[PDB]
Each structure stands twice: as structure tokens, then as C-alpha cells.
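The chain contents come next:
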There are 4 protein chains.
Amino acid sequence: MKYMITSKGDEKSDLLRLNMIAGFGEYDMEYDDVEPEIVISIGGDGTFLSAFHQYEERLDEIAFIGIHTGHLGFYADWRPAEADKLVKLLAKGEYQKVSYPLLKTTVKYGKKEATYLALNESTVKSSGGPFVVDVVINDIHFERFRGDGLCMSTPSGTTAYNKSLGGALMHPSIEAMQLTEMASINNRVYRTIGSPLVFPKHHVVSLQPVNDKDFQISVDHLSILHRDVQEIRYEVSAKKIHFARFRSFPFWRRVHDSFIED
Amino acid sequence: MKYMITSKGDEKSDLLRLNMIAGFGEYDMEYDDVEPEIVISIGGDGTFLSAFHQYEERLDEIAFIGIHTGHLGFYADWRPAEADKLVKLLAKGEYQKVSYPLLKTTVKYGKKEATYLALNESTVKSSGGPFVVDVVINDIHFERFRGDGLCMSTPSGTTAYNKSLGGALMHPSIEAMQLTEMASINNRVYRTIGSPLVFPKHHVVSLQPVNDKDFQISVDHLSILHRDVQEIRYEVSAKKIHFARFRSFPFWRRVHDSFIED
Amino acid sequence: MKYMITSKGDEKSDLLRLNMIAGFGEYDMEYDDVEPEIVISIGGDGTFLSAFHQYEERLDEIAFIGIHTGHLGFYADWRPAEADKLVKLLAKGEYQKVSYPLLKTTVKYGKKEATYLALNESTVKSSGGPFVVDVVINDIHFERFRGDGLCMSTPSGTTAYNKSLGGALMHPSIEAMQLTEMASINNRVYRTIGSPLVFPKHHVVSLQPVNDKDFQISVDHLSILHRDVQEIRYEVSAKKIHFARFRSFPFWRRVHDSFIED
Amino acid sequence: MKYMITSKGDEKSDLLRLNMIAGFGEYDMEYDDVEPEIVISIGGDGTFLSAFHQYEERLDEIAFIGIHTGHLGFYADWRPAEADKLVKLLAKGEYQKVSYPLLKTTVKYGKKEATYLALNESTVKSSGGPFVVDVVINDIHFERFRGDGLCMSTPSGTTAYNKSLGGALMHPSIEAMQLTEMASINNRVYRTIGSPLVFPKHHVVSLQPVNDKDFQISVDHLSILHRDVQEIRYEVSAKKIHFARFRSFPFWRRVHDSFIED
Ligand SMILES: NCCCn1c(Br)nc2c(N)ncnc21
Ligand SMILES: NCCCn1c(Br)nc2c(N)ncnc21
Ligand SMILES: NCCCn1c(Br)nc2c(N)ncnc21
Ligand SMILES: NCCCn1c(Br)nc2c(N)ncnc21
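About the cut-offs
Residues numbered from 1 in each chain as written, not as in the entry; some residues may be left out. Chains lettered and ligands numbered in written order. Heavy atoms only, no water. Residues with missing side-chain atoms left out of burial classes, pairs and counts. Near = heavy atom within 4 Å. Polar contact = N/O pair within 3.5 Å; in protein donor to acceptor, adjacent residues only side chain to side chain. Areas by Shrake-Rupley, 256 points an atom, 1.4 Å probe, with all protein chains shown as cover. Nonpolar A, V, L, I, M, F, W, Y, C, P; charged D, E, K, R; others polar. Domains from an automatic or database assignment. Least-squares fit on C-alpha atoms. Contact = heavy atoms within 4.5 Å. Helix = DSSP H or I, 4+ residues; strand = E, 2+ residues; numbered from the N terminus. Buried < 20%, exposed > 50% of the residue type's maximum accessible area, 1.4 Å probe, protein only.

By the method listed in its record, X-ray crystallography, this PDB entry was determined to a resolution of 2.3180 Å.

This is the structure we're talking about:
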């Protein structure tokens, strides 16, 4: 089939990439970075993220693979020594696929609307002034948030920024999204829930400005200053990312190796 | 149908109970506290919990209802002023039901095995000495936990003890369980994940002793000192609790009213 | 003596200010906003902060007073109804003074050095890239910090930003400074202390860049992007802020009124 | 002078102890475990604690020393390889001393009063029922605490249990005590400060029962069920523990070695 390979650009990753291509030349495998069916990422989770966003418009016809030339990653979870064996069963096809939920982000302005897809998380901070927003869940005013910002994470994103904010780690088979607070201000006057919140499919969490209508919004690795913002809208996406499964590497084992010890 | 009513035992709750029975006498409704089909709890969430455990062996033939004669509760979420209107549509049947996941707890000894069902959570602390256990997830050693204890919470339990330990609040439609740490000790020598963990159905979290084989285990409101413990076993239950639905009272609205302001 | 009065600029605060001046005209009291001996702040703690920084070069010849025309504040802790009684004993002098510690901040560049004085706290975040610094305490490498940023707080500052980051509240009679982490990243690879740290007088906490030499540094309300930064240097200041004491209002009572209930 | 040596009782520690005594026999040094002037602890911090409490009635005539036959400890901070060099300068006297603050704990009953001295911390939990106490600071009602319990820590104790509860680490030269919450319950109905609190000398923090008058009180390693308790009283002690100083081992270096890496 068609396939392509991105690289972290360092010497190690470039050389591994040329090795796999040459190995791929020994099989029925076209190199196409336009309509590929297999996308191999070599480097770290960041390299994987870029691969994800480069092809987010053909998600349902692609199976991703991550190779970590550095430390183990949650997406780049295959060591370089397994490349040549990776090449072989990728080519002989007939592999199993696994899919993770994704986070849909909608921005409405006073123009139009902008939608984004996030594999890790989307965050909202203010443009310099104080960050204050009203939090509406399924059209009910839940809280007025005053603080540094908010973070909505996918299941697999919970080991990234979400983890640093006290969020829970959840198994990526759970179709859900998790919202955490960044340095919330709490007194008798101003009240937030404190706890992280976890939402199922079809629940819509909407942020609405109170004073400042300008917010710095991040979506995975992108960070853009949006102006004249009327609403920010979060929900579990209908789209999934598909991984090529060649081995048992449990998410919890992946969590242990990254945080307890390898 | 058959029905019964438990009360918090205070003057307010007893009198409301006699009122609903007398109201029930105006309908085709037998009072049976042996094989009832409707269980009404009047008081607080604790009163509801006791009602839950009193009839946990007939869960799939019962629809529960909570009335709070005190503050709003997450299970006793109907105000006393709605009792007489509650009586009427309960009697004319034809109401919708809603179900929450439950937590199965298994204890193995060096005799036999003891299983328990929890609506809020189950906790494990030590008998006085230091609490130390190895944590195995789906048969993989995940961490050696050293600290005060651990807490595994159901979805709806996440607003109770789980919340006090930094756990996330999750919507009770998510079939999952959440594990949190109690005062974990972390240094170069001893390492825990810190983050709360959220598990889907069919994942088995097993606690295994390292030195002391005696643990104080709680299951909702029960707390019993188990001796000669070989293993503690947590997983999402196959059994669900069924609620009688008479009105829209969203869980998140219930969360707002309890923690942000009513 | 000489005195001056700043105002939050809102209608309420301006009118209270003219009232106190007219009241002051009934006494031996010159209005001088150049070499005053009494500085009265009317509005909130922010109004007080500005008053503090406007005159930070004559700290040892000034006694400050805060009046809150809005909610109670930790610096503006006198209600508007006590203005006219405030005017009288301020004028008849012979009052007691109280002093709080201050935080000295030094910035070294590759030009020269810039020093700043902070009444609440100073924070360090990165210019957009990832924030990474080595933390040196009294010339010993303590940790490599990777995360959103760091915050060093004075005693009285601990109820502000410090509180939002999990820092402890400490009595302002303790000559100390407290450092807290902002969303620290912790794994097997990267290790921070997590806990907040509290330092006595004469301990020097130094931040040193690893890659990016550009940091957004805040000092109370100022926030400036410093470039080509070689070192950031924190320590308890030799200078103190002096308050005019007219009544017993314990810091802990002030803490209760602001966070538990008034 | 007179001296004595306690041991962790393991083979390693017993043999090191006999070595130092034999080494001590080569000097003007009497072994007296009744009125000693030098107390050497060999094992861990727990061994040191026991040594501390064994002689807490002669604190002002004793200089302590800790040797760790296991991992580095905050009190047992001398490696076994330095024993013979320890023996020599201890004997030739003329060494510097360093002192850490201690925590006084008073318990009043409906008989009399019981006082205790703590080197690490004192904790208060309930006898099985729910733990609820009113918190009075310098005779002002500060909060009604509902939760698992409270912990008051000395400066040097802040690296122990205090650290596990989110408390700050503070330099032991600061004469202060720190109070932290154990799983506090917070809602609209029940309100705690959340933040850890740090108190200077002469501030009196008093716990008073609301319903249950029975509390499990810990003081370092002791844990005793006190009944008919009218009040628990915390404050910085007038007594200090004195250490023999033979080398520069900064507390912060000690913190780094224990938590970041050795
Ligand atoms: N270099 C720090 C970021 C690495 N990273 C990315 Br990018 N995504 C994740 C993710 N999901 N879990 C954990 N770590 C992640
Ligand atoms: N009186 C304190 C316990 C009340 N309580 C019970 Br009992 N269960 C819950 C629950 N699920 N969420 C919140 N609160 C709960
Ligand atoms: N409007 C939010 C900031 C108010 N504020 C200032 Br400004 N300083 C403090 C301070 N020290 N403690 C508490 N609050 C403070
Ligand atoms: N085996 C766990 C207890 C060890 N330990 C003791 Br005992 N005291 C302290 C202390 N002050 N800081 C750190 N650790 C301490």
C-alpha cells in the first residue's frame, strides 16, 4: 500500500527512516505522502503529533505508528531496534487496528466559526489581562472561573499537560474528555469546583467571556491569539485516530514505564 | 405494586414517611419491605446508602428514590415539598428508569473469599502499622504503594471521599472506577503515580500485601478489619443500581448546587 | 505632618478621598505627594500595591494605610465607615507601626543588573517556548525545573498567587520567602521537589537558564519580557514596609474573613 | 565526657556500635546511658527519634548525632564510613552545636492535662466516627474542620508526614510550626482553608471537639487513644534539640539528596 514516514530531523531519526524505506523497497509498498494508508513517526511524541495534524483530514484512512529514537513515548512507543521487524508485518498487512478518542474544539466569533481537532488537549488562557470565563455545561451555567486558564484533555492526553494540573489518567478506551483548572482563585467571593471534571460523549462544555474577549487558545502544539471571541466549545469528537497494532503494549504498562521506572 | 420506605429516624423524616404511606393508601400499592419494587429513602445520602445495602440482593427488581429532609444530596435529591407529587406518579407507574455503575470488591484469604458491592467507594488502610501494598493492574505489577491507604470510587461516588483526595468528578453514565492515593510517600526510594487513575469495565486492579497481611477495609459505610488477607480485587460490577426518573435533574446541576451554590 | 491619598478612581473612592482631606484640613496636616509621611490607599489591595510601588524609594519614612471601598482586602483592611475616625488619630499622631518583610529580586544580563522590590510576589514564566531553569540555592544546584514557571512570595503575599498554587499561608511576622511550582512536569526523566519551599533571611535562590534566555518576569503587578537573562536572584529584602496600626486586626482573622466567611 | 549509643538492632548497626565504643575506649570518654552528654544514633531517622524521646527530659545537656546504616536520613545524615572519624572529633570535644525548634502538644481532659514534645509532628484523627473539630487560633474561632484529621509539623518534620499532605518544606532555622489538612471535606455547607498554615513562635492553635470527645493522637511515633478530651493545644516549644556539628551538610542539600537524587 501507500505509506510515508516523518522524522524528528535529527541524525539518528533521518538514518532510521532511510533504513525503513530501503527495507520497504523489498515489498509491494508505494511511498506517497499525499494519500498514504500508513504513517510512521520516528522521534518523539511531538514528532507523532505533527504527523497527526499533517494528515488530520484523512484520519479514517490512515493507521499511525510511532517509533521513539529517544525516551519511550506514549505515541512513539516502539524502540528503534524493532524497525526492521516493523517493516515486515506492516508490508504483509493483515494487522489489527486500535482507535483513540479525539477532542473537537469550536471557536465562535463576532468572523464566523473555527473548528480544531486535538490529540492531546486544548487550553485557554487570557491575552495578558486576568482570565475570567463563565462555564456552561449542556447549556447550564456551572461556574464563573477566575484564574490562569483551563485545559480540556483527551483520554490519551491525560498523561501530558492534564497530568501536570492534577488531572486523572484515564484509559484511552473510555470515550471521554477531562477538564482541569490552572491556578484557580477561590475565596468567599469567587468559587470554582477545584476538582477535575470528566465528561462523556455528547456533553458540551462551553466557555463564554465575561470582560476580555481575547484569549490565547492552544490545540496540542499550536497556540494562537483569538480576538473578538464569543464562545469556545468543547466536546468529544466523532472522529477517532487509528493505530496499527503489532504487539501487546498496555496503556498502563506504558504509564508505568514512563513514570514509575523502565 | 409493592413498595417500602426507610427513614432517617428523625422526627421530620418519620412524619413525611407516614404522609406518603397514607397518600399511597389512596392507590393500588401494597406495602412490602420483603419483595418491594419501589424503595423510597427519606433523609440524606447516608439514609439512601443504607437502603441500598439493605436490598443489594434484589437490585435488578428495584427502582430507588431519595428524598432529602435536610440539605440536598446526590442520591436524596428530591425536596420534601415534592413528596405528594412523588406519590402520585410512582403509583400511576409508567416512569423512566436510570442506572448507575457499581463497584465489585473481592477479598481473598489464606478462609476463602468475600465479595462486596459498593455504591460510593471502597477504601483500604492498614491495621495500625505502615500501609504498604503492591498494585497489580490486569496482572502487571504497576507500583508499590506506601502511605495511608487507597480509595476506589464508583462514578457517582466521585463526589464523596474521592473528591476529598483530589480525584476527578465523572459523569455516572461512564462505566468506570477511579482509584486515588491517601497521603502517598514519594522519594527516590519509593515511587507512586500520584495522579488519580480511572479504569474502564473489565480492568482488574488487585492489591497484594508486602509485609502486614491485615487491613481495615471500608465499603461505603461498613468498615471491618480483615485478617490474613492474600488479595484485594477491584473491578466495575456487572450489577447496576436503578433509579426512578420523574424529572430532569442533571448530575452536573446536582454538582453545582452542592459545591458552587444553590 | 505631610500626607497623601491615592484612590481607585471610581466614584465611591474619589468622594471618600475628598472627605478625608477636608477632615484633614481641620488639623495640622500638609498635603504633599512628594515627601509624605502618611500614605492612605482607598479602594482595593491593587490600589494599595500601586501606592506601595509609587513610593518604594522612601519606604522607611512612610506608614501606609489601606481602606477598602469594596470587599475586604489584606492591605486595604479598613471599612469606609471608619474614615473619619481614621482621620483623627492619624492627625493626633502617636500611633504604633507594624512592618512586613519584602522580597528583593535581582536580574543579571549579558546589560548589567536590574533590581526590584515586591510586596506580594515575583513570578517567572517563559517567552512562549518551554520554561526550563536550573534552581540553585545558596550556590548548590537543587533541581532542574521544567514546567509553566515559578513563583516566589513574601509572607503577606502568600494569600495571593501563592495560595492558588498550593503554597502555605504564613504569618507576615516571619521573615521568610516561599517558592511554589506552576504545573511542574515530573517523570523518571525530569524531577522536581513538588512541595513548596520556605526560605529564611539570607538564603539566596538563583534561577539560571538552560536553553532559552528570555523570560516573562512579573513583580507584583508589573510584567516585563526580559531578554538575554543570565540569572534571576531571589532573597528576603533588607527593606520593610511599615503600616500604621490603629486597631487589632489579626492576620489570621483577616484570613478567616476573606476565605471562610465574614 | 559521658556518652551513649543506640542501635537499630540489626546486625550492621550493632557491629558499628561496638566499633565506635572500642574506638571511644582510646579516649577520655565514659559510657553512661543515664546522664550522657553525647547521644549517637545508628540506623535510620526512626532510630534517631527513639533516641530523642528516650532522653527528652535532658535535652539541654545533650548533643545528638545520627548515623544511617541504610539510606540517608534527615537526622541520621552521616554514613557508616565516617564513624571512626566521628569518634575522634567527638572525643577531642571543641565542636559546634546546632539546634532545631520543637513542637509542644498539650491535651486537657474533663483527668487534668498531658503535655508532649514532638520532633517531627503530632497528628489528630478520630476514634472511628467522623472527625470534626473547631479550630481556634490565639483564641479566635478560625474554622470548623471536617475530614480525616490534622497534622502539626515542626520545621524539620516538614520533610516527613507534612510533605505527604501537601505541606511546605521549611528551613529548620525558622522557629515555626506548620498545620496541614488530611482529606478535608469542602462544600457550601462545610468550609476549610485548604491551604497549609505556618505559625510563628507564641501563636497558640487550639482544637476543640464538636461531638465526639475521643481522638487518636500521634506524637512522632507514639499513637494513643485519648478519651474525654476537652482541648488539644499546639505551639512552638521553648525547648530545642541540639545537634553536634562536625561538617557542612546543608538542609537543602539534604532535601535534594533525599528527593531529587543522590
Ligand atoms: N516533551 C513533553 C511532551 C511529551 N508528550 C506529548 Br507531545 N504528548 C504526550 C502524552 N500524551 N503523554 C505524555 N507525554 C506526552
Ligand atoms: N455526609 C457526608 C457524606 C454524604 N455523601 C454520601 Br453518604 N454519598 C455521597 C456522594 N456520592 N456524593 C456526595 N456526598 C455524599
Ligand atoms: N483581585 C485579586 C488580588 C487581590 N490581592 C492583592 Br493585589 N494582594 C493580595 C494579597 N496579598 N492577598 C490576597 N489577595 C490579594
Ligand atoms: N521511614 C519513613 C520516615 C522517615 N523519617 C522520619 Br522517622 N523523620 C523524617 C523526617 N523529618 N523527614 C523525612 N523522613 C523522615
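After that view of the structure, there is still more to cover.
**Student:** Even after reading the chapter, I still don't get the site of ligand 1, so can you show me in this structure?
**Tutor:** Residues and elements named next belong to chain A. Close contacts around ligand 1 come from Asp45, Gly46, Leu49, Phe74, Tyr75, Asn120, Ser156, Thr159 and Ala160, and that covers them all. Between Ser156 and ligand 1, the recorded distance is 3.1 Å, taken from a backbone N or O atom to a nitrogen atom. A distance of 2.6 Å separates a nitrogen atom of ligand 1 from a polar atom in the side chain of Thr159. Alone, ligand 1 offers 390 Å² of accessible surface; in the complex the protein occludes 66% of this. Residue classes in the shell around ligand 1 are distributed as 4 nonpolar, 4 polar and 1 charged. Mapped onto the domain boundaries, the shell around ligand 1 takes at least three residues apiece from domain 1 (1-101 + 239-262) and domain 2 (102-238).

**Student:** Would you explain the site of ligand 2 in this entry?
**Tutor:** Residues and elements named next belong to chain B. Near ligand 2 the following residues occur: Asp45, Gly46, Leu49, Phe74, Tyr75, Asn120, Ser156, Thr159 and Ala160. Here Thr159 contributes a side-chain N or O atom positioned 2.6 Å from a nitrogen atom of ligand 2. Considering ligand 2 on its own, with 390 Å² of exposed area, one finds that the protein chains cover 66% of that surface. For the shell around ligand 2, the class distribution of residues is 4 nonpolar, 4 polar and 1 charged. Looking at which domains feed residues into the shell around ligand 2, each of domain 1 (1-101 + 239-262) and domain 2 (102-238) gives three or more.

**Student:** Help me out: how do you make sense of the relation of the copies chain B and chain A in this one?
**Tutor:** For the pair chain B and chain A, the relating rotation is 180°, the translation along its axis is 0.0 Å, and the fit reaches an RMSD of 0.0 Å. When the rotation and shift are considered jointly, the pair of chain copies conforms to a two-fold rotation axis. It is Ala168 of chain B whose C-alpha, among those of chain B, lies nearest the rotation axis, at 3.2 Å. Mapped onto chain A, 100% of the interface residues of chain B are again interface residues, and the two copies thus contact each other with one and the same surface.

**Student:** It is not clear to me how the environment of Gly166 of chain D should be interpreted in this structure. Could you clarify?
**Tutor:** Tracing the backbone shows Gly166 of chain D in the loop between helix 4 (161-164) and strand 10 (169-170). Classification of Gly166 of chain D as partly exposed rests on a relative accessible area of 36%. Considered as a pair, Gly166 of chain D and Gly194 of chain D are 28 residues apart in the sequence and their alpha carbons are 10.0 Å apart. If we ignore the near neighbours within four places in the chain, the residues touching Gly166 of chain D are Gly166 and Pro196 of chain C together with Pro196 of chain D.

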